[PDB]
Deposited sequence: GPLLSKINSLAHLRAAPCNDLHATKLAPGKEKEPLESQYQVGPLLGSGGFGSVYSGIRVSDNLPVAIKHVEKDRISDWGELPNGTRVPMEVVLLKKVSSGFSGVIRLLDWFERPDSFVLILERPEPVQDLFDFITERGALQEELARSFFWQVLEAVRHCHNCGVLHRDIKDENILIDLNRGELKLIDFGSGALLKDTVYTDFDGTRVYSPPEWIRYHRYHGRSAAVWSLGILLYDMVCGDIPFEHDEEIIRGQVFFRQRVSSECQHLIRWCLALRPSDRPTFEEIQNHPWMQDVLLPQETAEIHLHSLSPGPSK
């Protein structure tokens, strides 16, 4: 069936994502392969079929909402699974985008960061915790100026209780995980968005080493507004309880008067 519905193009960019076309309507797709031997967390669909957690998570967050990458279909194979993902065209990941432009202007960082917050909120609303929010896991739909979360491969069902496992990016991980190998989903997510926002306005992440993470001292290597500095420092509070909630972030003075995605595209992307 797969090869009957999708024309496979070349590799894109340890992960295995190929360019693809849906032969039905020539819709651009991405084809992610995951080998069963490499899967740590297994979920179960309503039908009680054993699938990778990523399928569960993508199925739970897959609706009208443009802020998360839509899982169009998936397949079981003897030794692997194959996820069909939407592919914007043209498209750039936020890592390559920040690398090319360096530090983003606050206005564009605000629009991008707002869109990421809206997307993370949607995930949380649908019982999904991403656990690997970072520039690489954000695609820019360059025409529409819309960001899309990708890679729920380290994700989990959202729970209000302690997490004692983590398979995400260390330099984006919060001090409580480094020190005590324990975190709560939302507060840890606010940490990673702190790192992300720092990365957007400074053109690089703030911390390389465990000691730097644990100390949580933030040096700005670029001119960044006082209000943006405050929001970053707040997201990056050492004590989880001291971190802002999603509501508190989106009500922060820095987050006000956000550009519409189309506005953002017109001004900053073309």
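- Just jot down which stretches of the deposited chain sequence have no CA coordinates, in the order they come. Since the structure holds only modelled residues, the stretches it omits are 1-33, 47-49, 307-314.
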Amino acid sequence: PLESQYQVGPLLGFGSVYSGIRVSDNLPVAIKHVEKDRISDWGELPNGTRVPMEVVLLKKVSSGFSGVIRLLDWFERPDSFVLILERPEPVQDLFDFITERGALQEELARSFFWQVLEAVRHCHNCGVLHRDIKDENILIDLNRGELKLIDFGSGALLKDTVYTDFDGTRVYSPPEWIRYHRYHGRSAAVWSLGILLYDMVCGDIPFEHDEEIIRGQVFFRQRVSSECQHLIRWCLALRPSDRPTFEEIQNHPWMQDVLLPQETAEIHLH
From here on, numbers count along this sequence of modelled residues.
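In this text, rigid core is short for the largest set of C-alphas that superpose within 1.5 Å between two forms.
- Query: Following superposition on the rigid core, is the mean squared CA displacement, expressed as RMS, greater for 39-47 or for 230-238 in 4 other deposited structures of this protein?
  - Reply: Per-stretch check in 4 other deposited structures of this protein: the more divergent one is 39-47.
- Greater mean Cα temperature factor according to the PDB record, 155-163 or 107-115: Result of the comparison: 155-163.
- Query: Mean CA B-factor: is it higher for 204-212 or for 33-41?
  - Reply: According to the PDB entry, the answer is 33-41.
- Message: By the CA temperature factor listed in this entry, which of these ranks top: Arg179, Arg186, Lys148, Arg121?
- Response: Of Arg179, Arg186, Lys148, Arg121, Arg179 has the highest C-alpha B-factor.
- Query: Out of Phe246, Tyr18, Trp254, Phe14, which residue has the highest Cα temperature factor in the PDB record?
  - Reply: If I rank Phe246, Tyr18, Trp254, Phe14 by C-alpha B-factor, first place goes to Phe14.
- Query: Among the chain's modelled residues, which third holds the C-alpha B-factor of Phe219?
  - Reply: Middle third, going by the recorded CA B-factors of the chain.
- Task: Within this chain's modelled residues, let me know which third the CA B factor of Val61 belongs to: lowest, middle or highest.
- Result: Top third by C-alpha B-factor.
- Query: Lowest, middle or highest third: where is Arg87 by C-alpha B factor in its chain?
  - Reply: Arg87: CA B-factor falls in the middle third of its chain.
- Lowest, middle or highest third: where is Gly168 by C-alpha B factor in its chain? Its C-alpha B-factor, which the entry lists for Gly168, ranks in the highest third among residues of this chain.
- Message: Split into thirds by Cα B-factor across the chain's modelled residues, where does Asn47 land: lowest, middle or highest?
- Response: Its C-alpha B-factor belongs to the highest third of this chain's values.
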